[PDB]
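Heads up: the structure comes next, in structure tokens.
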Amino acid sequence: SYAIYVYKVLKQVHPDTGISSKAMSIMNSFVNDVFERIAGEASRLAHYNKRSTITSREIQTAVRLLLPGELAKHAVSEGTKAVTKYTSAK
Amino acid sequence: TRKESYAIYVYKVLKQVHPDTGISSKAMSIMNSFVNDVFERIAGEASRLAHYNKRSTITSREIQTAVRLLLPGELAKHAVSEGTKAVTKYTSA
Amino acid sequence: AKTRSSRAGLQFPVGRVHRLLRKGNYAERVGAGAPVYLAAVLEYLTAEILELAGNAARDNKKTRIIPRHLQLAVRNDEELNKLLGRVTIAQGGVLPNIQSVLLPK
Amino acid sequence: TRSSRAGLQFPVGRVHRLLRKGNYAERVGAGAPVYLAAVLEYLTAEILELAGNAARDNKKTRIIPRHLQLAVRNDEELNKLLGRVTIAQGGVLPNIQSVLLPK
Amino acid sequence: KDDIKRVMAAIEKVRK
Amino acid sequence: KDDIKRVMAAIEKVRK
Amino acid sequence: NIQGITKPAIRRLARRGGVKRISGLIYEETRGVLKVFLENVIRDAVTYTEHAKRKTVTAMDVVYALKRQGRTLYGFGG
Amino acid sequence: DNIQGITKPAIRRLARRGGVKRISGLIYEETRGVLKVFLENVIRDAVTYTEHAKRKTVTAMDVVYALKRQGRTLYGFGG
Amino acid sequence: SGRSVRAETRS
Amino acid sequence: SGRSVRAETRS
Amino acid sequence: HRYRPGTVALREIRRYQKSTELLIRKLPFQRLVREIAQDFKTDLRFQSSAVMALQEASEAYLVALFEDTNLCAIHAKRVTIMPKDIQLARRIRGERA
Amino acid sequence: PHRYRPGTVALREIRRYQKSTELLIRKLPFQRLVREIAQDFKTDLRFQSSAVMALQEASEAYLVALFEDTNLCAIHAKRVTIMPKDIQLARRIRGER
DNA sequence: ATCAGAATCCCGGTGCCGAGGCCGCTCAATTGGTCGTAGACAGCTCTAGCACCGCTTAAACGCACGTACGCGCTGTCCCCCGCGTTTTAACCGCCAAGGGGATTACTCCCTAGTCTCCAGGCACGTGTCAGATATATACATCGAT
DNA sequence: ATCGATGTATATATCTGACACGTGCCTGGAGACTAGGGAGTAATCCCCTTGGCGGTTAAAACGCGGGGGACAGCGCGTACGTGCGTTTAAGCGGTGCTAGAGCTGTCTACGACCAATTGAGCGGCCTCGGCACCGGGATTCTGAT
């Protein structure tokens with residue numbers, strides 16, 4: 001499960017704030033659901049263009065297709081920043 | 001430069017059910033799209049079913065369960081009967 | 001007859017359905033019986049819709065299925081209408097009905 | 001590690017493994033799990049910050065499903081994203097139609 | 001309607 | 001701005 | 001057995017929905033609607049548990065059945 | 001400037017097909033707004049699909065896929 | 001119903 | 001809006 | 001001594017919109033679910049969490065339906081919801097033909 | 001002279017436009033509107049004619065369904081003329097905003 | 001109200017163009033053989049769902065009152081329909097052209113697959129503080145005066 | 001306007017069990033390496049989208065008159081909300097039992113994979129009758145009398 005990572009994010013955004021077990025399960029389900037939606041959209045996109053490889057482009061377009069305006073813009077910015085950072089370093 | 005479709009098979013089915021009725025090109029395309037849509041729905045449900053039960057092969061049981069999940073009621077019952085009869089006949093040969 | 005459809009006594013391309021299932025990567029493997037079941041289901045559904053479409057076309061004194069006939073056949077059956085609830089048929093029109101209160105006295 | 005190499009907190013490796021095992025496509029690129037993990041991290045951070053604000057407004061130091069529901073429904077964009085979803089023990093947003101109120 | 005189809009399908013396979 | 005973290009990850013994961 | 005959904009329970013549900021007054025005939029309609037919804041969801045869940053060759057309807061089966069009808073549910077060990 | 005292309009008699013004909021006997025004068029502007037919102041929602045997804053394929057012409061399949069995204073299929077524009 | 005009587009009667 | 005001010009403020 | 005009608009209803013609306021617990025008694029709902037499932041495969045068994053999820057979904061669905069029903073009733077310049085309002089809301093939602 | 005009563009022409013119009021199946025919006029203005037709407041998302045875009053036809057089909061079907069629902073709404077309020085409030089109620093209940 | 005005037009269908013005669021049939025071929029489905037693995041199957045174990053009893057109470061139920069609300073009935077007046085004229089732009093046909101989609105040939109670089117290894121993550125155990133509960137208190141509401 | 005009677009937020013004190021953390025172990029992710037094919041690039045061909053031009057004419061705009069229906073107002077019955085007294089069964093705690101979920105180990109039936117083969121279906125071509133269209137007459141159908 002994503003309990004540890006959700007916890008680290010929470011402590012990063014709100015230093016002194018706990019989270020109930022039920023709320024942790026809620027967040028775990030939410031993360032799984034969003035991941036499944038994005039992956040399914042990327043798979044559909046790849047199968048559309050006769051492609052056979054999910055790349056950063058497919059996930060970026062899936063994000064732009066799923067999330068609403070400002071949310072999608074910020075998510076795309078974050079993803080691009082992370083990808084460039086990970087590529088530059090090694 | 002080779003398109004595939006169900007036009008021929010839809011035509012044979014129509015000639016078997018209505019022995020003197022024809023079908024327009026637009027209606028043929030619509031039926032083709034309908035067949036593709038139903039196939040995609042059933043196959044996706046079967047894939048989800050297989051992934052849910054940790055299996056890795058899409059068997060007849062999974063397809064039957066997907067049909068029972070998708071088709072409403074009497075349609076589902078008749079389709080299940082038809083598929084079961086077809087599989088029994090195929091395995092007999 | 002080489003074709004698996006001939007073995008199954010169907011009219012749909014069992015081999016083509018098998019290839020589509022294997023290519024659409026729905027699962028790692030595909031059983032032998034699955035294409036037969038899927039082809040039979042597709043053939044039955046096609047026959048079911050086409051019979052009603054032919055009936056509608058005959059009612060309209062025509063002898064060629066057109067999208068209007070398909071729309072009439074789909075919307076004039078609760079089962080199919082429930083199945084194609086979110087489907088829009090091009091050039092299909094709408095089912096002819098008028099609310100009772102609108103009619104004159 | 002890959003997750004730490006991208007300045008992320010979410011598991012890049014686990015996301016890559018899930019993408020591979022989920023047979024979404026024949027092959028999976030290199031930056032695809034990184035991008036996906038970054039997006040998941042951003043969404044989680046957003047919803048968690050909103051829920052924490054809601055919980056603080058309730059004078060509680062512990063997120064509960066009610067706080068998550070309040071945060072989701074009070075934000076129009078998250079509400080649009082989380083349209084057809086039910087949160088267990090989330091309750092509903094407090095509203096009353098203006099006509100129902102007394103004179 | 002079924003046995004005849006099965007026999008015809010299993011007949012011409014090897015004879016080709 | 002976590003280039004130091006990226007370098008450490010490239011080292012720590014490689015230190016293993 | 002459907003009458004186990006008592007009148008005050010439906011009243012509480014409507015109150016949560018933001019309903020001030022309630023007609024007398026509302027309760028039977030609500031019971032019928034609830035029965036239909038439960039019938040659909042339970043049929044799908046029972047089919048799901050059939051395919052697994054199990055005899056116990058797990059919560060994940062209910063979640064799958066709900067997701068079938070476009071009603072995703074959160075917080076059940078998904 | 002161009003939303004006026006959806007003229008009042010056209011909206012009236014659409015409502016007549018819908019089965020409407022009388023129409024208020026303010027219906028037309030609301031209908032224009034609703035149609036504009038729907039068209040934006042579909043066209044944005046269609047253009048995104050096109051841009052992903054590095055094309056410059058929106059094809060019918062892109063529109064079909066956008067409609068499928070909006071949970072609204074459409075039959076008769078290629079399988 | 002009548003569909004089952006009709007579906008079986010194919011030939 | 002407030003989301004953009006909040007999205008940038010991550011650390 | 002005697003609250004005028006509509007006041008206690010408003011207080012209940014404020015109360016139940018604030019709290020989050022379920023509103024149907026657990027045991028009758030569980031019995032109803034079991035009796036409904038009896039029509040399908042018999043001698044079934046349920047995890048407690050499964051019945052809990054069914055109850056949560058039913059509560060959410062009914063609450064949303066009642067909200068839409070209240071909107072419908074208000075549209076007719078009334079305050080009392082009536083069965084015709086439920087039927088109209090369900091028909092528009094698409095749950096009914 | 002001769003003059004029909006107010007309403008009877010509308011009935012035959014409903015019958016006619018429900019019997020037929022062609023499009024009701026003029027093709028050229030709709031194509032121009034679609035082109036302008038898409039122009040801001042990305043410049044110098046091109047459209048297959050079939051793409052514009054599909055857009056028109058979907059838009060007209062959606063508008064017809066919405067008009068059916070809003071007619072039901074208006075009838076529910078003991079009215080015959082549909083008003084913007086009925087359209088807003090139908091869209092609100094449908095969930096779209 | 002029966003009759004005049006306006007759709008509406010239904011008959012018959014023509015033209016045509018799109019559906020229906022034929023042909024070559026070619027590439028995709030078949031037939032044969034293997035091989036290794038997913039899955040069927042027998043066996044044990046232990047969690048957990050089911051069944052039952054006692055008992056408190058909190059909720060459900062039944063009842064009486066009355067009042068606010070649903071609903072029927074009227075007036076009105078203004079907004080929308082039907083219709084005749086005039087204006088306008090869709091459209092149909094035709095012509096030009098150039099952007100750009102669709103194919104095809106090559107290179108290579110990015111990802112699948114393997115082996116190794118070690119550290120991040122997960123199950124388990126434990127302490128304590130955020131929160132649940134109780135109670136007296138002060139304050140906000142509200143309904144008849 | 002007002003104040004007594006109710007309901008509710010507030011502050012303080014107490015108890016508890018779920019959460020937050022520390023620890024040991026282990027298995028899955030990372031590092032290093034190789035092989036091969038997916039796709040990125042370029043070069044080319046030709047469909048097909050856009051743009052313009054002009055005559056037709058059907059549709060849209062516009063103005064006008066009037067009937068009808070939306071809406072506000074009023075009155076009247078009645079059916080829900082409120083509160084009270086009586087009933088009952090939801091719920092909690094506890095016990096006991098056993099079914100089946102889940103995990104493990106074994107075996108083998110079957111589906112992926114590959115190779116040679118041929119005919120099923122598809123692209124292209126040609127032909128005619130189903131249907132659209134035109135035109136007139138019988139048929140309903142509606143509104144004033």
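Letters A, B, ... mark the chains of the structure tokens in the order given; residue numbers begin at 1 per chain; ligand numbers begin at 1, in order shown.
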Exercise: residue E:11 partners within 9 Å, only C-alpha atoms (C1' of nucleotides), chain neighbours under 4 positions left out, as a compact mmCIF listing (two decimals) with C-alpha atoms, in the first residue's frame:
# COMPACT_ATOMS: atom_id res chain seq x y z
CA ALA C 1 -13.82 -26.92 -43.86
CA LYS C 2 -10.67 -25.51 -42.30
CA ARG E 6 -18.89 -30.59 -37.85
CA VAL E 7 -18.21 -33.42 -40.31
CA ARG E 15 -7.38 -32.91 -47.90
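Taking chain F and asking which residues DSSP calls alpha helix (DSSP H) on the backbone, you get residues 3, 4, 5, 6, 7, 8, 9, 10, 11, 12, 13, 14 and 15 of chain F.
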For the contact check between chain H and chain M, emit one row per residue of chain H within 12 Å, containing the shortest atom pair and the distance in Å rounded to one decimal, counting only C-alpha atoms (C1' of nucleotides), chain then rising number order, as CSV.
residue,atom,partner,partner_atom,distance
H:5,CA,M:89,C1',10.9
H:21,CA,M:81,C1',10.2
H:22,CA,M:80,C1',7.8
H:23,CA,M:80,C1',7.6
H:24,CA,M:80,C1',7.3
H:25,CA,M:80,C1',7.8
H:26,CA,M:79,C1',11.1
H:53,CA,M:101,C1',11.6
H:54,CA,M:101,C1',10.9
H:55,CA,M:101,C1',8.2
H:56,CA,M:100,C1',7.9
H:57,CA,M:100,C1',8.5
H:58,CA,M:101,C1',11.3
H:59,CA,M:101,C1',10.8
Need the shell around residue K:40: protein/DNA/RNA residues with any atom at most 12 Å away, counting only C-alpha atoms (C1' of nucleotides). Skip same-chain ones fewer than 6 positions apart. Format as a PyMOL selection string?
(chain G and resi 39-40+42-47+49-50) or (chain K and resi 33-34)
Using only C-alpha atoms (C1' of nucleotides), I'd like every residue of chain M that has an atom within 9 Å of chain B; please write them out as JSON, numbers by chain.
{"M": [18, 19, 38, 39]}
Could you take the residues named above and write them with N, CA, C and O atoms (P, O5', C5', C4', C3', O3' and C1' of nucleotides), as a tab-separated table (two decimals), in the first residue's frame?
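See again.tsv below for the written result:
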chain	number	residue	atom	x	y	z
M	18	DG	P	-24.55	7.13	-54.98
M	18	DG	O5'	-24.89	6.20	-53.73
M	18	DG	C5'	-26.25	5.93	-53.41
M	18	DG	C4'	-26.52	4.44	-53.41
M	18	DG	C3'	-25.46	3.59	-52.71
M	18	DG	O3'	-26.09	2.54	-52.00
M	18	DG	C1'	-25.74	2.83	-54.90
M	19	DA	P	-25.34	1.83	-50.77
M	19	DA	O5'	-25.84	0.31	-50.88
M	19	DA	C5'	-27.22	0.03	-50.84
M	19	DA	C4'	-27.56	-1.14	-51.75
M	19	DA	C3'	-26.92	-2.47	-51.35
M	19	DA	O3'	-27.84	-3.51	-51.61
M	19	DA	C1'	-26.26	-1.90	-53.54
M	38	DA	P	3.25	-19.57	-15.37
M	38	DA	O5'	1.67	-19.40	-15.44
M	38	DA	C5'	1.05	-19.20	-16.69
M	38	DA	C4'	-0.27	-19.94	-16.76
M	38	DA	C3'	-1.22	-19.66	-15.61
M	38	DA	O3'	-2.55	-19.57	-16.09
M	38	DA	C1'	-0.64	-21.97	-15.63
M	39	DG	P	-3.72	-19.06	-15.12
M	39	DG	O5'	-4.50	-20.40	-14.75
M	39	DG	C5'	-4.78	-21.33	-15.78
M	39	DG	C4'	-5.02	-22.71	-15.20
M	39	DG	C3'	-5.93	-22.75	-13.97
M	39	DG	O3'	-6.92	-23.74	-14.15
M	39	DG	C1'	-3.98	-23.98	-13.58
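Neighbouring residues of residue G:36 at 12 Å or closer, counting only C-alpha atoms (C1' of nucleotides) and skipping chain neighbours under 6 positions away, are residues 2, 29, 30, 42 and 43 of chain G; 33, 36, 58, 61, 62, 95 and 96 of chain K.
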Any idea what's packed within 12 Å of residue I:9, counting only C-alpha atoms (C1' of nucleotides), ignoring anything in its chain fewer than 6 positions away? Could you give it as a PyMOL selection string?
(chain B and resi 17) or (chain I and resi 2-3)
What would the file look like if the residues just selected were written as an mmCIF file, in the first residue's frame with N, CA, C and O atoms?
data_model
loop_
_atom_site.group_PDB
_atom_site.id
_atom_site.type_symbol
_atom_site.label_atom_id
_atom_site.label_comp_id
_atom_site.auth_asym_id
_atom_site.auth_seq_id
_atom_site.Cartn_x
_atom_site.Cartn_y
_atom_site.Cartn_z
ATOM 1 N N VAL B 17 -31.543 -14.507 -41.565
ATOM 2 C CA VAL B 17 -32.698 -14.125 -40.754
ATOM 3 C C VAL B 17 -33.818 -13.558 -41.617
ATOM 4 O O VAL B 17 -34.964 -14.004 -41.535
ATOM 5 N N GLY I 2 -42.390 -14.350 -25.573
ATOM 6 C CA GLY I 2 -42.464 -14.627 -26.995
ATOM 7 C C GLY I 2 -41.123 -14.621 -27.696
ATOM 8 O O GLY I 2 -40.987 -15.239 -28.756
ATOM 9 N N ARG I 3 -40.129 -13.932 -27.130
ATOM 10 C CA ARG I 3 -38.802 -13.917 -27.736
ATOM 11 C C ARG I 3 -38.145 -15.291 -27.669
ATOM 12 O O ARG I 3 -37.511 -15.728 -28.636
#
Per-residue nearest contacts of chain K to stretch 55-73 of chain D (12 Å; only C-alpha atoms) as a Markdown table:
| residue | atom | partner | partner_atom | distance |
| --- | --- | --- | --- | --- |
| K:17 | CA | D:66 | CA | 11.3 |
| K:18 | CA | D:66 | CA | 9.6 |
| K:19 | CA | D:66 | CA | 8.9 |
| K:20 | CA | D:66 | CA | 7.2 |
| K:21 | CA | D:66 | CA | 10.3 |
With C-alpha atoms retained, write the just-selected residues as an mmCIF file, in the first residue's frame.
data_model
loop_
_atom_site.group_PDB
_atom_site.id
_atom_site.type_symbol
_atom_site.label_atom_id
_atom_site.label_comp_id
_atom_site.auth_asym_id
_atom_site.auth_seq_id
_atom_site.Cartn_x
_atom_site.Cartn_y
_atom_site.Cartn_z
ATOM 1 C CA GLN K 17 -26.077 17.091 7.687
ATOM 2 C CA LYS K 18 -23.368 17.649 10.313
ATOM 3 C CA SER K 19 -22.962 14.066 11.523
ATOM 4 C CA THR K 20 -21.636 11.191 9.415
ATOM 5 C CA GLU K 21 -22.892 7.921 10.933
#
Please identify all residues of chain C having at least one atom at most 10 Å from any atom of chain I, considering only C-alpha atoms, and return them as an MDAnalysis selection string.
chainID C and resid 44 47:48
After a least-squares superposition on chain E using every in-order C-alpha pair, I'd like chain F written out as a tab-separated table (two decimals) with N, CA and C atoms, in the first residue's frame.
chain	number	residue	atom	x	y	z
F	1	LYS	N	-27.30	-28.21	-34.70
F	1	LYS	CA	-27.63	-29.32	-35.59
F	1	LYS	C	-26.82	-29.25	-36.88
F	2	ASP	N	-25.52	-28.98	-36.74
F	2	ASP	CA	-24.64	-28.89	-37.90
F	2	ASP	C	-23.57	-29.97	-37.83
F	3	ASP	N	-23.98	-31.20	-37.50
F	3	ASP	CA	-23.03	-32.31	-37.47
F	3	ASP	C	-22.45	-32.57	-38.85
F	4	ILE	N	-23.25	-32.39	-39.90
F	4	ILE	CA	-22.75	-32.53	-41.26
F	4	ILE	C	-21.68	-31.48	-41.55
F	5	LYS	N	-21.91	-30.24	-41.11
F	5	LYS	CA	-20.91	-29.20	-41.28
F	5	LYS	C	-19.63	-29.52	-40.51
F	6	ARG	N	-19.77	-30.04	-39.29
F	6	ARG	CA	-18.59	-30.42	-38.52
F	6	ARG	C	-17.81	-31.53	-39.21
F	7	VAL	N	-18.52	-32.52	-39.75
F	7	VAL	CA	-17.86	-33.61	-40.46
F	7	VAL	C	-17.15	-33.09	-41.70
F	8	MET	N	-17.79	-32.18	-42.44
F	8	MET	CA	-17.17	-31.60	-43.62
F	8	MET	C	-15.91	-30.82	-43.25
F	9	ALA	N	-15.97	-30.05	-42.16
F	9	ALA	CA	-14.80	-29.31	-41.71
F	9	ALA	C	-13.68	-30.25	-41.31
F	10	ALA	N	-14.02	-31.34	-40.61
F	10	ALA	CA	-13.03	-32.36	-40.29
F	10	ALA	C	-12.50	-33.06	-41.53
F	11	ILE	N	-13.23	-33.02	-42.63
F	11	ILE	CA	-12.77	-33.61	-43.88
F	11	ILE	C	-12.11	-32.58	-44.77
F	12	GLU	N	-12.74	-31.41	-44.94
F	12	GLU	CA	-12.19	-30.39	-45.82
F	12	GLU	C	-10.84	-29.89	-45.33
F	13	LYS	N	-10.74	-29.57	-44.04
F	13	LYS	CA	-9.45	-29.18	-43.48
F	13	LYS	C	-8.45	-30.31	-43.57
F	14	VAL	N	-8.92	-31.56	-43.50
F	14	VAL	CA	-8.03	-32.70	-43.66
F	14	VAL	C	-7.82	-33.04	-45.13
F	15	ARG	N	-8.77	-32.69	-46.00
F	15	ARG	CA	-8.56	-32.86	-47.43
F	15	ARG	C	-7.40	-32.01	-47.92
F	16	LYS	N	-7.13	-30.90	-47.24
F	16	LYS	CA	-5.98	-30.06	-47.55
F	16	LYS	C	-4.70	-30.68	-47.01
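Residue-level contacts from chain H to chain N at 9 Å, counting only C-alpha atoms (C1' of nucleotides), read residues 7, 8 and 9 of chain H.
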Output the selection as a compact mmCIF listing (two decimals), in the first residue's frame - N, CA and C atoms for each residue.
# COMPACT_ATOMS: atom_id res chain seq x y z
N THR H 7 -29.32 29.73 -35.44
CA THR H 7 -30.38 30.72 -35.48
C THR H 7 -31.59 30.24 -34.68
N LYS H 8 -32.48 31.18 -34.40
CA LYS H 8 -33.66 30.88 -33.58
C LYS H 8 -34.56 29.82 -34.20
N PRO H 9 -34.91 29.88 -35.49
CA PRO H 9 -35.70 28.78 -36.07
C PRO H 9 -35.03 27.43 -35.97
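Excluding residue N:37 itself and any same-chain residue fewer than 4 positions from it, the protein and nucleic acid residues within 12 Å of it, counting only C-alpha atoms (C1' of nucleotides), are residues 52 of chain A; 27 of chain D; 107, 108, 109, 110, 111 and 112 of chain M.
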What's the 8 Å shell around residue L:18, counting only C-alpha atoms (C1' of nucleotides), without same-chain residues fewer than 5 positions away, as a PyMOL selection string?
(chain C and resi 93-97) or (chain H and resi 16-19)
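Between atom CA of residue H:70 and atom CA of residue D:80 lies a distance of 13.0 Å.
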Residues of chain M near chain G: apply a cut-off of 10 Å, count only C-alpha atoms (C1' of nucleotides), and supply the list as a PDB file with N, CA and C atoms (P, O5', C5', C4', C3', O3' and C1' of nucleotides), in the first residue's frame.
ATOM      1  P    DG M  49     -16.231 -12.407   8.309  1.00  0.00           P
ATOM      2  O5'  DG M  49     -17.647 -12.960   7.837  1.00  0.00           O
ATOM      3  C5'  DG M  49     -17.705 -14.138   7.056  1.00  0.00           C
ATOM      4  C4'  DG M  49     -18.716 -15.116   7.621  1.00  0.00           C
ATOM      5  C3'  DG M  49     -20.030 -14.496   8.094  1.00  0.00           C
ATOM      6  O3'  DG M  49     -21.103 -15.203   7.517  1.00  0.00           O
ATOM      7  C1'  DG M  49     -19.136 -15.910   9.763  1.00  0.00           C
ATOM      8  P    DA M  59     -31.752   6.742  19.890  1.00  0.00           P
ATOM      9  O5'  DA M  59     -32.704   6.135  18.771  1.00  0.00           O
ATOM     10  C5'  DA M  59     -32.431   4.844  18.268  1.00  0.00           C
ATOM     11  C4'  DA M  59     -33.712   4.087  18.001  1.00  0.00           C
ATOM     12  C3'  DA M  59     -34.694   4.801  17.072  1.00  0.00           C
ATOM     13  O3'  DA M  59     -35.005   3.958  15.991  1.00  0.00           O
ATOM     14  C1'  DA M  59     -35.793   3.969  18.995  1.00  0.00           C
ATOM     15  P    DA M  60     -35.734   4.544  14.689  1.00  0.00           P
ATOM     16  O5'  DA M  60     -37.125   3.768  14.671  1.00  0.00           O
ATOM     17  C5'  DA M  60     -37.139   2.365  14.849  1.00  0.00           C
ATOM     18  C4'  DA M  60     -38.501   1.897  15.317  1.00  0.00           C
ATOM     19  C3'  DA M  60     -39.677   2.435  14.506  1.00  0.00           C
ATOM     20  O3'  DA M  60     -40.463   1.360  14.038  1.00  0.00           O
ATOM     21  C1'  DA M  60     -40.043   2.738  16.836  1.00  0.00           C
ATOM     22  P    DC M  69     -46.001  26.440   5.271  1.00  0.00           P
ATOM     23  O5'  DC M  69     -46.403  25.404   4.133  1.00  0.00           O
ATOM     24  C5'  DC M  69     -46.569  24.044   4.473  1.00  0.00           C
ATOM     25  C4'  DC M  69     -47.594  23.391   3.575  1.00  0.00           C
ATOM     26  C3'  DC M  69     -47.535  23.835   2.115  1.00  0.00           C
ATOM     27  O3'  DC M  69     -47.573  22.701   1.285  1.00  0.00           O
ATOM     28  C1'  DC M  69     -49.731  24.004   2.929  1.00  0.00           C
TER      29       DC M  69
END
Could you tell me how far atom CA of residue L:20 sits from atom CA of residue H:10, in Å to one decimal place?
14.9 Å
